[PDB]
Structure formats: C-alpha cells, structure tokens
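Consider the single chain below, provided in structure tokens and representing the form deposited in one PDB entry.
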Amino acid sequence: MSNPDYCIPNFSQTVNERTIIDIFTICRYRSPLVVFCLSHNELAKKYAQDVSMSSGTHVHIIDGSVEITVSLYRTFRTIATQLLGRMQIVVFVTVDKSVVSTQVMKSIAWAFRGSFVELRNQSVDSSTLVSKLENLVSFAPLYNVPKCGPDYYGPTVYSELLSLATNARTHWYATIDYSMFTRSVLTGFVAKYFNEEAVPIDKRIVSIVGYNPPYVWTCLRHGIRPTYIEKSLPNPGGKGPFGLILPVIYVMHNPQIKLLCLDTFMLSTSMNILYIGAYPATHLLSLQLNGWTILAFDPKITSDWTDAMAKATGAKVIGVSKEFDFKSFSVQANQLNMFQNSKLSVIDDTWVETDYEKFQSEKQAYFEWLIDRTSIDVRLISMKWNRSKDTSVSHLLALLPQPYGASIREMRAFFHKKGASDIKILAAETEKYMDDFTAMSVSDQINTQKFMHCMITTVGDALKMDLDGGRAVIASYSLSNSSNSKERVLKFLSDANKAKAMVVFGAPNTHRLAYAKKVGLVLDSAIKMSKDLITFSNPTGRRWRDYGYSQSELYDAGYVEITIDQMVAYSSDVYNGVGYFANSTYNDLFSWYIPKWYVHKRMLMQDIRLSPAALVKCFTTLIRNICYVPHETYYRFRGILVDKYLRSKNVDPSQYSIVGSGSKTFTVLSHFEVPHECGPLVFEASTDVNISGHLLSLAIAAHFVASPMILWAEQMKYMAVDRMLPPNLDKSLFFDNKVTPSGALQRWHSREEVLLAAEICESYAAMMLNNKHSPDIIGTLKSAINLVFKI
C-alpha cells in the first residue's frame, strides 16, 4: 500500500536524526566481549550460569566437543552480529593450550575488542582464578580486566564501585583513557613492524612528531627507543651549554612512576646500562628490554634476582653482589671491560645515611673521570644530588628537579661529554630553587620531565627528515607545516610511501566529523569546521586548528586506513601496552593510516587480526532489528537495488533476472556490459552474480567509526582467486574465512561483484538510513575503492 508508515520493513518511521544520534551513542558500548581461558569445565559452566542468570550476559563455552576452528567460527560469527547489542558477552575457553594457544586466543579476543584472561595453568581452587571468576558476576555488565591490553593506569578503579565509602562510584574519563590506549597501540604497531621487518635491535628507534610525554614509557614497554622532533627549541633558561642546569620554572598512575620516569628515559640513551644500587628495581620487570645489557651492582643482589630480571625483561643482566668501587679510576675495574668500544649510560641510585655529601664527592669525582673516557662512548650518567656546601663540577649538562619526588629536597645531576667544562654550584640557589619546586602543585612537578626529555629531542622540519632505511615515525597534529600544510603533508606521505618508510599518520576524518555535526551530535560550541579546516576547543576555551583528511585523499597519497582494533590485534604478540574500558566518540572522529607498500607486503591475506569482522555485521544487525528487516528480506532489497541501478544504466531487463537471495543477487541472461571508470563491468550469459555484501555494510559502519574499508578492498582485490595460507601463521587465525582442501584461502568475489556493490552503495546507505546518510562519506569510500581497482 501507499505510506511506508504501515509497512515493514520500516525505515521511514524508525530512522530519524535521533535514531542516528542513538547509533552514535550505542557505539560507545561496542566493546562488550570477555574471553576467559581456564582448564576446568564444571567451573566455567557454574560461572556461565551465574553471570547469565543474574545480569543477562550472553555466555559461550568452547570446550572441545567441537573441532576448534569450527567452534571459533560458530562462536565468533554469532558474536560479530551482536557487538552493538549493549549486553556483555563472555566466551569461556576450556580446551588445552595445544588446541588453541594463548597468543592465538588473545589475538582473536582483541580483534573483537574484548578483554582477555589466560588462566588455563591454574588449579581448580586457585584463589586468583576464583577471584577473577567471581569478578565476572560482581561487575557485570562491566568487567575489571581492560579490553585490548593487559594493563591500565588511568583514574578508573573498579573496587570503588563496591565501596559504600565512595558511594559505590568511580571515575570514568573515556576520551583521556582512549587517547592513552591509542598512543600505546601505535607504539605497539611500530614494535610489530620492527619485528616483522627484522630490524636490528639497536635501530629500533621511532621518531615522534611533536613532544608527547607518554611515548617514553610506551616505547620502553615495547623495547624500542623514542626521539622527539620539534620545530623549535623553547628556551630552558638555565646555565650550561644547553640551559639544563636549573632551567626556569593524560593520566598515568603507575605504582612506582617515580623510578619509571628516570629509568625509561635513561634506557633511551643507550642499550648498555650500568646500574648501581639497582636492588630491587621491580619497576623494570614491566619493560621489554631485549638488546639491552644491564650491569647491576648492589650487595642485596642474588643469583635469584638476576635470573628473574633477565627472564622478565629479556635484557642481558650481569648481577654482581658488591658495593661499587668509586675509588678505582680504571676501565678494567668494576667489570667495565665488556663495555669497551661501546656506548654506555650509568644509572646511579646509591646513597648513604651518614656522610652523604662526602659520599657524593667520591662518586662525582668518579663520574667526572668516567664521563670523558675514550675506550667507552659514555653517553649519560644520572646521579642523586644534595649539596649543602659549595662544589664545582666538570662535564655537567643538567641539574634537574625530580618530577615525581613530590616536594622532596634531593635533586638529580646528569654528566655528559658536552656538558659544561666547569661550573660551581652554590647552595643558596639550589635551596631557593627546591623551595620553589616544593611549592608547585602535583601536576606542575611532574611536567618538569620535559627537561629530561629535551636530551632526546631533535629540532628540525619533520617534512624534511630522511626517510631512508624503513624509518619509523608516528605523526599526527605536529606533522604539519606553517605554510601550505595539507598539500605539503600529503606530498610528504606520498614520498614516505615511495621510500618504503613507516610513517604512521592520524587525522580527524573530515566527512565523519561533518556528519556528526550535521545530525546534531557534535556542537559548534566544541568543534567547528569550514571545508576541511577544523577548530577544536575544550571547556578551558583554548582553541587549536587542524585539517581533516579523507580516505580517498590518503589513498591518492599511497596510504591505507587501518583501525586501532586491527593495529592492536595485528600487534597482539608483541603488545605490552594498556587496554581501555570505554569507547570514546571524540576518538572515533579520527582515522589512522599506514603506507600502501606495507599493506601490500604483509596484509593482503586476511587473518582475523586484519579483518573487519568486528564491524561488518553489528551495524547491519542493529538496523535490521530496529527496522523489522527479516534475514531473507534483506537480500531481496539488495536485488531490488541492483535492478534499479542496472535500469539507470539502460541495461535491458531481458539480459538479467533478479534473484535477490543470499547466494545469488541476479542471473545473467545475455551478455552485457556496464560502463565504469574501472571497467567496463562485463557479465557473461548463464552465470550467477553475487555482489560483495561486506562493502555495503562497511559503508554504513564508516558513518560512525573509523573504517577498515580500504584495507578490506585491497584484500578483496587479492582474493579474486584462491590464495595459499602463509606458512608462518597459526592456521586458526584464518578460522573466520573458508579454506580449501589444499590449504588455500578460497576466492571471494570477482571485480564485477565488488564494483557493482560500490555502484549501489549510495542507494543502499540511503535505504538503510532513511535518506539520513552522508553522500560525502559514501563518495570518498567509492572514490578510494575505484583507485584500488583502477584500470
């Protein structure tokens, strides 16, 4: 009949601008999954029952009654459709590690934005296992294990949700936590790239464009070293060649952030470290330090300590249970023999209760000797400083406050070959200084870490840097010029891709921001834009401007969008960063991109880590539930859309018969062709055409969150024929795709079936979203897909 208002499926009454807002809102909950591995199936079943009956959590048990790749396929195909349902989902995995390994299950979990718990080692009465199981029921529908990462150090404290003393509330800073998660994942991705490209460990250095403090920690957590690139040097305003002897004067609650601050910076300066007063050095256990050599001096050191430290960090650890001999000015003393003709830095955390000032006289005289050696490239020495008397020092680059010592009096000195050749430190300056430092707030003390970070900063124009050697760079806002910036950034990226460099690029997505503004989600108050020029502002009222970019602009410059989900899942085997709890609308406005050469080299075979599985079904299923679209009816609508499209190209209806089912979109009756800038699309008599359904649903999802569509399109281009699985990868990572008897990934679609889907994409979006879609989002996707399939 006439009005669609009294017909189903119904888009006209169910999808208005407020439905679109609601889909945006629901996307903040799009990470419901917990993957929990344990070796006791009766225990799994008990907690599965407890959490589903008490909170409605959906529960699955992969117990080995079914072959593992089939059980994964069944379980995660179901889950993929449900990720926007706003209900928790838990998969218990109780098969052996030899059936599905820790690393494979963690990859799958993170590919579905889930938290991951591995406890299969544990006995049935293990207090930790029972604790984590009971936590499922206490916290559901939330969980206190982070998603997509083992650790979290933000303000959220799940135990506060259970305390009457806090009114059973805790902090929740989604954007800040997600931004930190993102910095972590980008670092992890570069770590994975180094590993995949077999870069020598001493060349695992990444350039961060723009000073970004968290990267020091994230890089050392991943065993790579950071260096910042700044266009200009703000004046430290102190004495010494560099102004770091007394210069003028995100959330991360790490337990011993004090010792982490110095040590992660010092581990940047050199792969070889002399550490005096090392015991216990428990904060080092969290880092990845393959390729580092740590010579540790302390009377408390045991054989047990050394072995634990090398096991946990991977560094070469020579632990000697002695006091250091600061009286012997010989390179042959203190075992410094191994550091001959090598770069070395020294972390001195020794101190004495009585005669401290004169203890500092013996060490400083040792460090002044050691700092100008010639058989050892001595790079930097860190020493505690508390001088009540006046003393002159040689080769002193930086006399610095402690950013995490919180109103204490002790200071830190840094010896360097190019520090001041002579300088007398008086005690009234330092007392009046540390008085100023004691006065400043907690936040202000921490931020003096900038002064330590100057020493691992480079001035220069990032757009002019040398990109040879597969150089790794992380770049977003600061990657820009003062002049002609957008054009210069895209040329730089295009050049970087041509050079086979690894410049990782992020930017606000123009058409997603414009869409979120148009439907009324983002206000002019918070973010404005004219064309691709965007003005941001926080409640503080500080404004900054930056350019939005689109997928087709980047592809034209040789760059392919990848999601944060894909980066962390791809990097799962080396990842040692933080996870997250909530998704953030603000973060979802940004897209991240990697150069085309690396996608072609390493990502054309779509295992689950590089797949769109966690986006390709959940928006479609949400809309079908809201709009009353039966499963088979959905495929009928696809057929009707293709019928209308072919008629608009004056294809005569006798050359094809519409089927509109899940297996056949239409059947070709007689030979015809459709003009297309990537074609013509050719259709042969007596064949079935089945268009690419993933293209259609990814085009919807690209309205709301960062899109895997370009990476998918390159994979789809590769999958015109069967492709043998890579021998170096666990076959289980391909569970979600069809595999032939020969062990090959089975072909997906012809180029016709893909480009036909691209051609009807706009009308599909208009149908599913009741003409409240974005033609611009569709158009940039369509243009990029046509470049992928360029003729």
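By rigid core we mean the largest C-alpha set that fits within 1.5 Å across both forms. Heads up: residue numbers just count along the shown sequence, starting at 1. Shifts are known only where both forms have a C-alpha.
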query: Other entries lacking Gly541, at least a third; finding: yes
query: Coordinates absent for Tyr250 in a third or more of other entries; finding: yes
query: Deposited residues lacking coordinates between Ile249 and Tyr250 (none, 1 to 3, 4 to 9, 10 or more); finding: 10 or more
query: 93 to 101 versus 138 to 146 - which carries the larger mean C-alpha B factor in the record; finding: 93 to 101
query: Stretch with the higher entry mean CA B-factor, where the candidates are 725 to 733 and 23 to 31; finding: 725 to 733
query: Peak C-alpha temperature factor (PDB record), options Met709, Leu641, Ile245, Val519; finding: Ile245
query: Most elevated Cα B-factor in the entry, residues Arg113, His600, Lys500, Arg542; finding: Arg542
query: Chain-wide C-alpha B factor ranking for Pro234, given as lowest, middle or highest third; finding: highest
query: Third assignment of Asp444 from its chain's C-alpha B-factors; finding: highest
query: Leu396 - Cα temperature factor, lowest/middle/highest third of chain; finding: highest
query: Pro299, C-alpha B-factor rank within chain (lowest, middle or highest third); finding: highest
query: CA B-factor placement of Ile791, once the chain's modelled residues are sorted into thirds; finding: middle
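There is also a form deposited in another entry; it is not shown, and the following applies to it.
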item: Displaced position between the shown form and the other one, chosen from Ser71, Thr621, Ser476, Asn690 (C-alpha, 2 Å or more, rigid core); value: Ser476
item: Change in CA distance between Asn481 and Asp466 in that other deposited form, which is 3 Å or more, as closer or farther; value: farther
item: Direction of Cα pair change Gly460-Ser480 in that other deposited form, magnitude 3 angstroms or more; value: farther
item: Mobile segments between the shown form and the other one [3+ consecutive residues, each C-alpha shifted 2 angstroms or more, core superposed]; value: 476 to 478, 480 to 484
